[PDB]
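Reviewing the structure listed below.
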Amino acid sequence: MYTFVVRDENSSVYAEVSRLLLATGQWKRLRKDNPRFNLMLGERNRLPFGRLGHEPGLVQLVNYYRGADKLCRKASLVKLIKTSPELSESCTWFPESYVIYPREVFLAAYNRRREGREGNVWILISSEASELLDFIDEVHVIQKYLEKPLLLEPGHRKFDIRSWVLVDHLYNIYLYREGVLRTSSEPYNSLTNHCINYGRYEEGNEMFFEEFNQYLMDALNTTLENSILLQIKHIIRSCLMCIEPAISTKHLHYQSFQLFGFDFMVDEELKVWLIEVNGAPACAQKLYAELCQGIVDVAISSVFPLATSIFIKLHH
Amino acid sequence: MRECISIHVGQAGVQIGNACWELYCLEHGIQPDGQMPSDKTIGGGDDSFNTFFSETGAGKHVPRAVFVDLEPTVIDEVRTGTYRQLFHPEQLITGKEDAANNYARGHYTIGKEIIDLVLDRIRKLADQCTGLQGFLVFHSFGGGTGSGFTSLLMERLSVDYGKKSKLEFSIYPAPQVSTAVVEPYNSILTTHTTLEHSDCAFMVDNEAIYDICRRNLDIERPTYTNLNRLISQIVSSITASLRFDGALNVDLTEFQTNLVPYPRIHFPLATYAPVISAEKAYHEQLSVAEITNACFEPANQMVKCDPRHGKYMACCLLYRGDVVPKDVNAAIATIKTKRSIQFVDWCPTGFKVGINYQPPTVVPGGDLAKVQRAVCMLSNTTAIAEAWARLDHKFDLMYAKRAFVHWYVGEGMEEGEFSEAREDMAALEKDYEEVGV
Amino acid sequence: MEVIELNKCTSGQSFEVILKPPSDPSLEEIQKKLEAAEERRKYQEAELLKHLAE
Amino acid sequence: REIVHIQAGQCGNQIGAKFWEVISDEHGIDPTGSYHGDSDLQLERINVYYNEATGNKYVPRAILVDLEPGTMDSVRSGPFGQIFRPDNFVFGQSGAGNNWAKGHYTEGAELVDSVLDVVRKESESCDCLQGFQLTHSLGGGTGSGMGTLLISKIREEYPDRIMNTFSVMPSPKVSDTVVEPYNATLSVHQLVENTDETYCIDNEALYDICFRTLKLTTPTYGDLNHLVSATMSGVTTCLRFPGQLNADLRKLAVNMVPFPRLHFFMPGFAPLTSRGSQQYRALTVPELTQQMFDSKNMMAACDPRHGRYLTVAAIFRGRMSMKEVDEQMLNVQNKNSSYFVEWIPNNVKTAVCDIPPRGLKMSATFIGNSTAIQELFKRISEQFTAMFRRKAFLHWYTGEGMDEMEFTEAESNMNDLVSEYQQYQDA
Ligand SMILES: Nc1nc2c(ncn2[C@@H]2O[C@H](COP(=O)(O)OP(=O)(O)OP(=O)(O)O)[C@@H](O)[C@H]2O)c(=O)[nH]1
Ligand SMILES: Nc1ncnc2c1ncn2[C@@H]1O[C@H](COP(=O)(O)OP(=O)(O)CP(=O)(O)O)[C@@H](O)[C@H]1O
Ligand SMILES: COc1cc(C(=O)c2cnc(-c3c[nH]c4ccccc34)[nH]2)cc(OC)c1OC
Ligand SMILES: Nc1nc2c(ncn2[C@@H]2O[C@H](COP(=O)(O)OP(=O)(O)O)[C@@H](O)[C@H]2O)c(=O)[nH]1
Ligand SMILES: [Ca+2]
Ligand SMILES: [Mg+2]
Ligand SMILES: [Mg+2]
């Protein structure tokens, strides 16, 4: 029998994962503060990482990577990219972003394009620095708003892509073969959060990969793999390997895996941009069962075995 | 030359003291009968090894040490052991019944009956020192004597020798080799009482030593002998600068200067490499780069913690064996590229390096193989606070129900001393967090 | 980077390598504490013998 | 560190005689009192239970007490009866009559000072005295009434010494008299306050083990006391043989007793062995561990799954791999975490002794401070209240000067003890 403990009751993903483990008949959920667990589905904040790996006779796994917050916070991510040579100053795939605390770097580069007549529309989206910058004082990230988003028709609809990524204890990087397209239902005027019409062109403003592939073929004579996903795999891999020496648990007394959500936006010229990385993501409703079983298969059962894959291994 | 006095309190301190002084005798060429033919100054001298040894007219070299335990069993084996002649009978002080794993009994009821005698025996050692720099105190967090009596002695030493440095070698409790359920209580009480009276404390987690013996020495069930002999190698590395000629860490004062920028944050992490089994037939000798890089592996540290998720305030590299500075600097440049080593912004990112050419000495019939080079890293990193969080959490679990507290209150202690000690621990954890993030 | 204060001797050498630069109670109160626990311990003992006498 | 042993009453002297019989064989001491053994380990800690007499003769530091001469004349007649010091037989003539009041207040009051004289003489010749070991039953009059009176007297003279008892609890399946619940309830009120550790030896459990597990159809007291003697030898293994823990009565109390009144232990043993029947297959380290935690090996008739373990001490005897014992003991805690309190970390302690008990190559002794012991006290309480609500059989006690209020107090105190075990079961 294996032991596990739940410490984030709002995790739709790991509530699904925990019910899967119990229903295997070889896992038993413990009290939330029982130290003798094999697996910890931990809280999102102040996870007691310093307490893992000190139980004699117990192999301990945790569904979070200590130090992964540096990729999953806007101010730190923007810092991490510019300051790290792996992501190499201004790489091609991250919008120009700046840390301004509620300033000098913004004015120098931005004002060049307000003079130069190239669209100066950073982002709460304005074109006047004072309008938005003085507003935020009522930390924040000032990012260029890409003014030429990819046209999606019928409907002239802006969109964003979410790919779920699982990193196991051995730092294998797994890209779930099923990504989600979150769609804006109303046309664009020269935000796609599903939290903010709905249902007109496709169910619940969620378009899938089999469908978006055919749109790209029929409309644009191209494949999803060739046009977008190749750029996505490169951005995921570059991000997660840059921080691998900082967060890997290869030689640690406890082990980490963690599921991420990557956010991309595709421009008119079919260039892929990184929006944000989310350390606690929620799967699409249709895809929950497939992904949560893949987590158990490759993240949990790999360490705790019992007695065709759904992932793409991003090689490094 | 300024003399240093070693005080070994409780079972753990005494048995670790045995292995340390045994190792010192081998390193300095002193026989179990106290004679050192190496010493051509007969009856005295001011050599570097005279920091730890005094001389008699008969040429016997005597450790400047005192062993104290509230119960006679452990120290009696020292009186009858291989090094019987090494120590003067007055140097070994024993009580009659121990503290029963109770800090209060060690500190208050039983400890108060022997404290005056111990200080007088210590004073006899001090009066044969031309310039006493301070004390090195070996004790456990967990035991009643190692916890309660040590804090009592440290308070009186602060009063009597207020100008002298006090360093600790503290054994942090681990369930793999545990002796008592109330060890988290004893740990918090003794740490709180001793915090301002200690200038530098080297914590050794019994869990780390245990796994190192299993993993790297292939001993399935390590005994106290296995753990202590490995611990003495680390201790010998830390104290070698006091006993041999060198420019780095030559007095106890320098340990605080190099390792301790803030007084409360005075627990440096120790990492030792390489640990190789004597029974390993074929072994490939590791280079300067390999052993230095091992200093940043948590599996070689004396406490298991992640320095990547903390900040450094100081870093010392103590080498023994075939090591030259150009190899050290080339290795450091290499490690800096590949590892997460981040300092606080008000400290320079630099290493203090000391090299002793004679390689580590090993006891014949021991578990460690002879190596051609070794290193002990002393880093002051906030990551060591993980051990404080682990201990404090265990304290909270029991204390929330006042489990076993009646044993302490039964000896005169008050419930408020528990909460007072825990608040100081909570403050210590917060100091570490502010510096670390 | 910069190697400073190299000192050598026949036993070894020591130096510093810098990669980047930076950006008590008295004996009196001891006895007051110890005797205050002693009176509590003696009081609790006297309560025992009083209870036994009943 | 020496211990003073006291056996009182019929039951106390019997299991007491068996205990000296068993451990003397383990230490190589014959009925003459002479050591004829093959190892120095037998003598390393022999001073704990034996005095040294002229010509290297070993004498148990034991005091035999009864208000009736008969059972003690049996002890002298017994196999090891001549080993005991003759001056340590202290007996009355009338007897207690299964009356707690007679043992505590009247008949026992006359003899108590004579016993303390022997206890004092034994104590004076001790270099460092840990405390006292008493064997008695709680259902009779002498061991119950006078045994607790002795415990109170000894605590008065030795308030800083450990008091430890082996207390046999009454069961209607092994019952001499209907008043045993009265005697037991009055005795538990004393033990809750004047002992540091009490091993609860339930006659119901001893009977059930003999009937169900050992397939003994009509078990005698000799069958029952074979189980008690094996348990007492195992429970005292760390005292009698050298170990890494450097173990004593106080450290056991400090580590096992989180709250002063919850000091009533559930002993366990494995392999469960019938008298004379030889065991040819030695057990495996996994088998010992599963049996020792099995409810069917407990000597108190309680279900450990009905409560939670506050602390546990496990003693393994024989030549076995300590790694396997560690793995196996770690396996039980990790497998059954729910029955160990989380607010006492590392509350299970394991010890190993190379010397095995006679007739076995592998043996395991279990000592648990479980909140499930409230079931035993609830059972005594229910039997007590059944008679007390009608004031039945009270005249036996009010005839000796006792008042009803003392019964109400003892009833109330035991129900307080039950509620305290209940409190930490849900904590
Ligand atoms: N590394 C190491 N740890 C030890 C040794 N002896 C005991 N310990 C540890 O020390 C703690 C118990 O402290 P002890 O030194 O045994 O107790 P004490 O200081 O003699 O005090 P008393 O309770 O009065 O016996 C436990 O955590 C043990 O794991 C030893 O020789 N080496
Ligand atoms: N440079 C940019 N150009 C165009 N649109 C942008 C943009 N930066 C962000 N957006 C849009 O803002 C929307 C939401 O903002 P943001 O990227 O900060 O959070 P998010 O998309 O990851 C949802 P959540 O914050 O709840 O996890 C995205 O859908 C994106 O379309
Ligand atoms: C008196 O005879 C024993 C004495 C001791 C003993 O002195 C002791 C010392 N330290 C501990 C413990 C440390 N942590 C624990 C957790 C649960 C139980 C005990 C401990 N016990 C232990 C025994 O059994 C292992 C004994 O045999 C019954
Ligand atoms: N195991 C065991 N139990 C006994 C023995 N004799 C009596 N008992 C139990 O002890 C209780 C009677 O107490 P007893 O010791 O005989 O009375 P006392 O002599 O006045 O102390 C009953 O519950 C009996 O079941 C015995 O020899 N061996
Ligand atoms: Ca000399
Ligand atoms: Mg001790
Ligand atoms: Mg009878």
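Values below: all heavy atoms of this structure, side chains included; hydrogens, waters and symmetry mates excluded. Just so it is clear: chains get the letters A, B, ... in the order the sequence lines come, proteins before strands, and each one is counted from 1.
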Could you pull out the closest heavy-atom pair between [X] and [Y], with the gap in Å?
X       : Y       : result
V3(C)   : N329(B) : CG2-ND2, 3.1 Å
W346(B) : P22(C)  : C-CB, 3.4 Å
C9(C)   : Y357(B) : O-CE1, 4.1 Å
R40(C)  : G412(B) : NE-O, 2.9 Å

Between chain C and each of [options], count heavy-atom pairs under 4.5 Å; write down the option with the most.
options                            : result
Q358(B), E411(B), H197(B)          : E411(B)
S158(B), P325(B), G354(B)          : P325(B)
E155(B), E414(B), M413(B), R320(B) : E414(B)

Roughly how far, to the nearest 0.5 Å, is the [atom2] atom of [Y] from the [atom1] atom of [X]?
X       : Y       : atom1 : atom2 : result
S14(C)  : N249(B) : OG    : CG    : 9.0 Å
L27(C)  : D160(B) : CG    : CG    : 7.5 Å
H107(B) : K33(C)  : NE2   : NZ    : 8.5 Å

Inset, instruction - Output the option from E16(C), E5(C), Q13(C), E39(C) having the highest count of non-hydrogen pairs under 4.5 Å with chain B. - result: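 Of the candidates given, the most pairs with chain B belong to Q13(C).
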Legend entry - Residues in residues 41-54 of chain C near chain B [non-hydrogen atoms, under 4.5 Å]: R41(C), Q44(C)
Legend entry - Over 12 non-hydrogen atoms of neighbours within 6.0 angstrom of NZ in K326(B):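 It does not: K326(B) NZ has 12 such atoms or fewer within range.
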Legend entry - Region of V323(B) in contact with chain C, defined by heavy-atom distances below 4.5 Å: neither
Inset, instruction - Examine whether an atom of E196(B) lies under 4.5 Å from a heavy atom of chain C, and if so say whether it belongs to the side chain, the backbone or both; otherwise answer neither. - result: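 It is neither, since no heavy atom gets under 4.5 Å.
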Inset, instruction - Report yes if some heavy atom in the side chain of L19(C) is under 4.5 Å from a heavy atom in the side chain of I332(B); otherwise report no. - result: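 With C-beta onward as the side chain, the pair touches.
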Inset, instruction - Taking the side chain as every heavy atom from C-beta outward, state whether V328(B) and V17(C) have any atom pair closer than 4.5 Å. - result: no
Inset, instruction - Spell out the residues in residues 240-248 of chain B that have some non-hydrogen atom less than 4.5 Å away from a non-hydrogen atom of chain C, in order of number; otherwise answer 'none'. - result: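 From residues 240-248 of chain B, the residues near chain C are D245(B), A247(B), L248(B).
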Legend entry - Test side-chain contact (heavy atoms from CB on, under 4.5 Å) applied to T349(B) and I18(C), step by step: CA-CA 6 Å; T349(B) 300; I18(C) 305 183; over 6 Å; no
